[PDB]
Each structure stands twice: as C-alpha cells, then as structure tokens.
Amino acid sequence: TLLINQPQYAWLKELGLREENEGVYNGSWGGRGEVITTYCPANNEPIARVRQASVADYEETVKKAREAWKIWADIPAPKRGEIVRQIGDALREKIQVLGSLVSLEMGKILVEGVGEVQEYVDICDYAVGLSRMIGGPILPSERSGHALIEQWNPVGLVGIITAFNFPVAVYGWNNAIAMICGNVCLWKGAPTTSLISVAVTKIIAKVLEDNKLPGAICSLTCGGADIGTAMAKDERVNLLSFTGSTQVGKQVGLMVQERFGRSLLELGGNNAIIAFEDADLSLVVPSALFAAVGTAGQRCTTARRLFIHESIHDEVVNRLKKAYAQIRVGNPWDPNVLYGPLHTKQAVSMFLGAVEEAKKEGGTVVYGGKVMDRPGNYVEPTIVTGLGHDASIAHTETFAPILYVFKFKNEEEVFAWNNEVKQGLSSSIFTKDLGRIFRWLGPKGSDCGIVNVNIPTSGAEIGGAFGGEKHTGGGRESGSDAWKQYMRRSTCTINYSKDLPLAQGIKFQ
C-alpha cells in the first residue's frame, strides 16, 4: 500500500500529489511513458507513482517550450525577475511540506530538506536584483563615428538534468538564473526523486499561469537515461546543464560537443580536508565530522579524504572516533536525528564494496564499515586509516559515508596529494600560517573550483560561482558572473557616421 494513501501522509496532497501523478508539463499535464514507483529510503516503502515522458512527449514538449520562448524572450529582464520573485514566495508558502517530501523521497534529514528549499528561495531573491544588472560593457571604438558594444542574449532552451541528492536546489539555481536571462527551461530530474520534481513543477506552474505566461517556460519531462540522452543529442537544446556523476557526465558532454551545443557540467567530487600542525583541533574535528557524515556522505562536496600531519594524526583520529560514536541515527523526518539512510539499496552495496576494497588494499576500519541491521538503507559512518594516498579506491568517488585518513609531513607533498586525483570540486586546509594560506589560493595550491580555509569542503554560498575543475566538468552556477553561461555574447560595431570606406584606387558610384 502506497504511503500517500495512508492518512498520516495526507500532507502530500498539499503539494498536489496523487496516487498516480503526471510527469510531463508543458502548459498541459501528461505522460505516456513508463510509469515509475518511487520509494521512501527509510523503510523501502512505496510512496506514489509518476507517469514519465515518452519520446513523443519529449518531442511535443520541446516544440511547445521553444514557441513559448518567442514570448518569454521579449519580456524585459527585470520583469522576468518579477516572475522569479513570485516563484520565491510560492516556495516559501510550501517550504515545510516540500521540505518534508525531500526528506521522504530522497532521505536527508528534515532541516536539510527544508534548508534545501530555502536555498532555492534565496537564489530567487538574488536573481531578482541580478535581473536588472545582466549585460556587457560599452567599449570605446578605435574608429571615429562608431560604437562598440557587448550584447548578451538568451541562448534559447536550457535543458536541465539533475541528480538525486539535491532534487530541489540544483534545478532551482539553474532555473532562477536561466529565467532572468530570458531562457525557457526543460527539466529531467532523477527518476528516484520524481515526486519532488512534480511538486516543484506544480508550484512554478501556478505562478506562470497566474501571470498569463505559457507554462512551457518551465517544462518538465520526467524520465531516465533515454530522455536525458535525447536532450544531449537535441540541437534544439541550446544549453544542457548536467548535474551528476562523472561517468554519465562524460558521455553527455561528448554528445553535446558532437553537435556543437553548450554544456554545463557539474560532476563528481573527491574532496579533501588538510589539517596542518598549527591547526585548531577544536575546529578541525567537528568540521571534519559534519563534512564527512552530513547527508550520510551523499553531498558532492562531502569530505572523503582527510590528510593530517604526523604530529596530530593519532589525536585527531581518536577524537573523531569518540565523536562518531555520538552520531544519532533514525528516521530523516525525526528532528533529533543527525544521520539518515542512503538513497538506494545499491548505494548500500557500493558502500560495502568500497570497504572491502579498502581493506584488501591495506586499509584499516577504525570505526564503522558495517550495514545497520534495520529497515531502510542505513550504513555506519566509516573511518579508514592506513591506505596509501594513491590507492585506487581512495581515488574513486564512492557516494557513501567513508572517510579515508592519511598522514603527511610537508606542505608541498600534501598539496600535490590533494591535486593528484581526477576530481576537482572542493578542498580545504586548516592552518593559521599566513604564507601557507595564500600559497593554497595561488597557482601552486589547490586545483579545485572551491578552495577553502579553516572551513570544511561543504562551505559555499550564493554570491560565488559554484563548480569544480578537471573531471568535475568546469561548469559554474549561482553567483559572480555565472549567468553568462546561460547567454550568448555578441560583439557589435555600429557605424553611425556618414563616412565612406577608402576607395583604394577604385572608382565607385
């Protein structure tokens, strides 16, 4: 029996969810594709069903979205910002129930569920002001009687593919920025968080409908690999923002590049925390814990590698283990719980696989490493010591709560060890040395898109451009001038004079 049919989950109806929901929106609701059932990862019980998009659904949707763009692009950017502001308020009005759904279908703890929705509300308030600012410089032309200007226009249709772990905010940050930039959007979320994608889409839909705007401006085509690949190969998709694993992201990027389209890739992470001898241990230990076990280690910015100086290595590990024992586990919707279940049953298997490989490669499990004997997809937060820093499994992103601890001696080698992996999302060092801090930020420091000091790998905010380097994709979202990725630059020369070109010996007229 589906949870949404049980009286205790009647609050799901406040998001407009039913026993069977439509997973396509383009002004109209539909879905002739495969009917998927999503499950609560805390108890493996089925919640509700979503009818995904068929190829024909995708086709019709893309066409409706591009026709809607003809209208949306002619709307002044500040007025597009007004729509985004209204989307912000609309999310506020549903922040608790939507945050509850995120906890229910995805499995993160409630304050992170609500918090993720707040991140979307926050990016909306940000995009409202940015909508009056987007543009380029007026340059002084070297030619008398000419103007030189930099114009920015929408790319057209922005395809948005998102991962499971942040089923609201990742789309949200692409949505808010793309909309003020005059783009229409097409969403294909993770299949396992389909209800969430429908819930958000319903909220946005009403805002567009109340303002007499075509709903295809924020289109939805639920589905899996097939819909996603279609988006990657569709020339009508002017920008494809892909958020997910490196393995899938590599193929999406290659498909987009094949058709000379634009891609925005936000891929995997393997982020390290480095603790030098002069570090504040009262700061290092709790920072490492929450960055490693937060969301059960299912953040792209999760701390997965911990380099500690030889002098303080044993102490920091011992203090970590005593703190790992206090981590409260249970239902994600339980306010006393710090630590929820993994998203899927396969995630649990990957967890055990990495643990076994780590041990085989000489590692030692000083805490955890076992599956919790209880309903749901619960595993113990895990700390592994002894592995060589260049161990294969350590160089591999395992989307699970496993922290590999390494020893080091000097600044030069430990910087290289942070950079020696293929991923390049987030990084952090903990130290008080002024010279070291700036070298860390310099050309011989971290090669990551996020480079932090005395704050763990999860430290980011709206004002800055978010993304990573190398195998992380190189794309950027949110702040700074990240909006430029959602627009096309044109360099324009306007001759307003009555001057004629030099004839060069040629008799004209």
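Basically, rigid core = biggest C-alpha set you can superpose within 1.5 Å across the two forms. The first residue of the shown sequence is 1; numbering continues from there.
Farther from the shown form on average, by C-alpha root mean square after a core fit in 4 other deposited structures of this protein, is 138-146, of the stretches 92-100 and 138-146. Taken in 4 other deposited structures of this protein and fitted on the core, 367-375 and 406-414 differ in how far their Cα atoms move from the shown form, and the one that moves more is 406-414. Across the other compared structures of the same protein with both neighbouring residues present, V50 carries coordinates in every case, with no third of them leaving it out. In the other compared entries of this protein that model both flanking residues, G445 has coordinates in every one, well short of a third left out.
Note on 108-116 vs 389-397: mean CA B-factor is higher in 389-397. For the pair 50-58 and 456-464, the mean Cα B-factor is higher in 456-464. Taking the PDB entry at face value, the top CA B factor among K206, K188, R259, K409 belongs to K409. Based on the entry's C-alpha B-factors, the most elevated value among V355, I134, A303, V252 belongs to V355. Per-chain ranking of the deposited C-alpha B factor places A10 in the highest third.
When the CA B factors of the chain's modelled residues are split into thirds, the value for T295 lands in the middle one. Per the deposited record, the Cα B-factor of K484 falls in the lowest third when ranked against the other modelled residues of its chain. Sort the chain's modelled residues by C-alpha temperature factor and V184 lands in the lowest third, per the entry. Sort the chain's modelled residues by C-alpha temperature factor and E361 lands in the highest third, per the entry.
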